[PDB]
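Chains, contacts and geometry: an overview
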Amino acid sequence: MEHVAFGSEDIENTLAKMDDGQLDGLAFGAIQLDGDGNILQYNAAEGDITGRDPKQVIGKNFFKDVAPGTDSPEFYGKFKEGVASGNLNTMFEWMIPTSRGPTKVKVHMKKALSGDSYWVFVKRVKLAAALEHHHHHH
């Protein structure tokens, strides 16, 4: 005879999955991903010190591993629906709240040209480079 109902609200209950990456670590570069979201390659900029390992990132997920907490249809659904057709076109900016303070970053994803690969650019929200060149595969 378990008929004990309980209805209440707790701010702590709703407030969960906070920022875990206390570290800042600033960097801007592109990363190759697969249809499933697996790291294929890593290409960072040539104007800063080395941070994360190039091989350590490979084999793991980008938004499912490197980006813990983004596991949702808010950012995943867009990637899935895009893969189903073979061309994920998304352009927006994400806010990365840290202990040191809030930091917004612009990320642009687009299907690779060679095919069977995706291109995800990650860099702080700021217009710097737009017209590139000398980028042709062998």
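Residues numbered from 1 in each chain as written, not as in the entry; some residues may be left out. Heavy atoms only, no water.

Per the deposition metadata, solution NMR was the technique used to determine this entry.

**Thoughts on the pattern of salt bridges**
Oppositely charged side chains can pair when the atoms bearing their charge come close. What the rule picks out here adds up to 1 salt bridge. Across the pair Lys 64 and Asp 71 runs a salt bridge whose closest N-O atoms are separated by 3.0 Å. A relative accessible area of 36% places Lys 64 in the partly exposed class. (Salt bridge = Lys/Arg side-chain N within 4 Å of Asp/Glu carboxyl O. Buried < 20%, exposed > 50% of the residue type's maximum accessible area, 1.4 Å probe, protein only.)

**Comments concerning the nonpolar core**
Residues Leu 33, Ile 39, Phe 62, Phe 63 and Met 109 are the most contacted members of the largest nonpolar core, which totals 13 residues. Those elements giving two or more residues to this core turn out to be β1 (29–33), α3 (62–66), β4 (101–111) and β5 (118–124). Each residue touching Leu 33, except ones within four places of it in the same chain, is listed here: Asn 38, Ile 39, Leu 40, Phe 62, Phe 63, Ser 117 and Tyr 118. (Core = buried A, V, L, I, M, F, W, Y, C linked by side-chain atoms within 4.5 Å. Helix = DSSP H or I, 4+ residues; strand = E, 2+ residues; numbered from the N terminus. Contact = heavy atoms within 4.5 Å.)

**Describing the packing of aromatic side chains**
Tallied over the full model, the rule gives 7 aromatic pairs. Taking the centre distance of 6.0 Å and the plane angle of 75° together, the rings of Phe 63 and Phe 75 count as edge-to-face. Separated by 12 residues along the polypeptide, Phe 63 in helix α3 and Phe 75 in the loop between α3 and α4 (76–85) bring together distant segments of the chain. Here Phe 75 falls in the buried class, since its relative accessible area comes to 12%. (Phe/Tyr/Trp six-rings, centres within 6.5 Å; stacked < 30°, edge-to-face > 60°.)

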